[PDB]
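So the structure is just underneath, and the comments pick up after that.
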Amino acid sequence: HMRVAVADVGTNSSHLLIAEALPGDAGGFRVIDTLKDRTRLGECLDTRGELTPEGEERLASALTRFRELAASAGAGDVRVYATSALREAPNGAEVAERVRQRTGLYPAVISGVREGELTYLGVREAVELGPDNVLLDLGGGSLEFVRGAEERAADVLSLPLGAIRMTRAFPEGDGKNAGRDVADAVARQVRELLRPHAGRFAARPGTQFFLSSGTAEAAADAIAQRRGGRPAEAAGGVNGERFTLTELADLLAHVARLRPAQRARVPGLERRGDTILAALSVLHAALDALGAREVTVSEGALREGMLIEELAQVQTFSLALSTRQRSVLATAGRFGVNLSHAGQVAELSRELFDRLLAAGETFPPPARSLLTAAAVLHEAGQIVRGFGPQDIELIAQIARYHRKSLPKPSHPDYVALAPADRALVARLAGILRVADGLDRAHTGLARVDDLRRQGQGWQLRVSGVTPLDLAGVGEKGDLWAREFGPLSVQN
Ligand SMILES: [Mg+2]
């Protein structure tokens, strides 16, 4: 069964999940392995918010450990999403490309809203959600608020209220009440930024509140040990633990009275003494402003959401395919290709093909089928079932197109298709290269919004793309330009 590796790069730490899909095409997975790396990019940002070469080194090291664990488990490629620290760094795009060059993995920045939607799915995989749920996810950089029902987020708000960010924003003095003063000021900042949107996430009869990520997990462990319990490692973690806003307030008042070095010795807060005071003030102030009385902590988060969405995309693509095209996908899988990438390239290829047809481009009847198959097979190294021998030669020549044919036209075994077929191969290859460029970062997120004639050329509007995707289209769209005319890409 399919083995998949997903990872997220946050502000305090990075996380990897390796899992195997469950039989029945039902969108489920079994966990194989998990890893956390204390990357702490938020402590590697200069005054303008740029990630330093030290943070780049810590990023590359995390992604190298991740890539080795995935390879060690047969997972193959690792999809990597990145949140607040890379998102906000003026040099974020340049840093992500440099890290790809050093590790092979590309940390693709996602929006706060998509971060929230995916985190909620991970929470859904770990704890019991009801008809009306509010999730708070506090990281080092940002705080997401998410409201939804039993299956997915309906509303997401992202605010710059992260724990690292707030610790650095409100430097602590050395007085007796210096801790309380930090806690009060952080809470005022929380209310100031949350007041205009709080109604969207406020408690109503029956609302359940949930918390994810490291601060909340540390708070749950520390609160349970204050109730008389053992360290969270017994009971298998803190997943599904509940605590009250009163227990949180009491933990916060205790932390506030201690100096930073004593905070590291509070049970359950041992690995978070430096940011924990501001982090607990954020959670208390935000929950209090929404009227929450009790929370449930979830160990599921962003990486579990990425896995669900990836399996969902793959299995939805596979389900709607014809029997013949499904056998191509199974063949490609046996060739060890990445099925998430192949499905996305084929869906993007169909989208571009269909718009060209709408704008009056002419194609022969089997063109869409040939393009789909070559899109699924494009990364099979072995090959450079419902298809006749001509169609399979066409597919192979589309999948491995080059301007200089590896075998010279005079070389024995050179395969010279008829002129109409030569023309078809290049046009469809030109589409396939543009689609491949749109999933260069392996995010599965790109979408075609519009494709229109622009003089003797074309204008393409896309969403869900990274800087790496946009550059891929520029580099690989030369063939499109030679066959369809100049192509400009937007958004
Ligand atoms: Mg590709």
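Once a ≥ b ≥ c are taken as the square roots of the eigenvalues of the Cα gyration tensor of segment 73-143, is the result rounded (a/c under 1.5), prolate (a/b larger than b/c) or oblate (a/b not larger than b/c)?
In terms of gyration-tensor shape, oblate.
Counting other beta carbons within 10 Å of each Cβ, put 401, 414, 81 in order, fewest first.
So the residues, fewest neighbours to most, are 414, 401, 81.
Between residue 203 and residue 481, what's the calculated FRET efficiency when r is the beta-carbon distance and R0 is 60 Å? Round to 0.05.
E between residue 203 and residue 481, to the nearest 0.05, is 0.60.
Can you show me the helix-derived [θ] at 222 nm for the chain, built from DSSP H runs with n ≥ 4 at -39,500 (n - 2.57) apiece and divided by the number of residues, rounded to the nearest 500.
Mean residue ellipticity at 222 nm (helix-derived): -15000 deg cm²/dmol.
Which of the peptides 215-226, 230-241 is most tightly packed, and how do the rest follow, judged by the mean count of other Cβ atoms within 10 Å per residue?
Averaged packing, sorted descending, gives the order 215-226, 230-241.
First check a/c for segment 443-491, with a ≥ b ≥ c the square roots of the eigenvalues of its C-alpha gyration tensor; if it is under 1.5, answer rounded, and if not, answer prolate when a/b is larger than b/c or oblate otherwise.
Details: a/c = 2.63, a/b = 1.51, b/c = 1.75.
Oblate is the answer for segment 443-491, as a/c is 1.5 or above yet b/c matches or exceeds a/b.
Take 56, 310 and order them by how many other Cβ atoms sit within 10 Å, fewest up front. Present the calculation step by step, with values, prior to reporting the outcome.
Values: 56 19, 310 26.
Listed from fewest to most nearby Cβ atoms, that is 56, 310.
Rounded to the nearest 5, what % of DSSP beta bridges with both residues in segment 3-110 are antiparallel?
Roughly 70 percent of the beta bridges in segment 3-110 run antiparallel, per DSSP.
For residue 102 and residue 242, calculate 0.36 nm times their separation in residues minus their Cα-Cα distance, and state this gained length in nm to one decimal.
46.2 nm
Report, for the chain, the % of DSSP beta bridges that are antiparallel, rounded to 5.
DSSP beta bridges in the chain are roughly 65 percent antiparallel.
What's the magnitude of the charge dipole for segment 321-490 around its Cα centre, counting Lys and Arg as +1 and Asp and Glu as -1 at the beta-carbon? Answer in Debye, nearest 20.
160 debye
Computed from the coordinates by the stated procedures, all read-outs in this text should not be read as laboratory data. Using ideal geometry, Cβ is built from the backbone for each residue, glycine included, and neighbour counts are taken over all protein chains shown.
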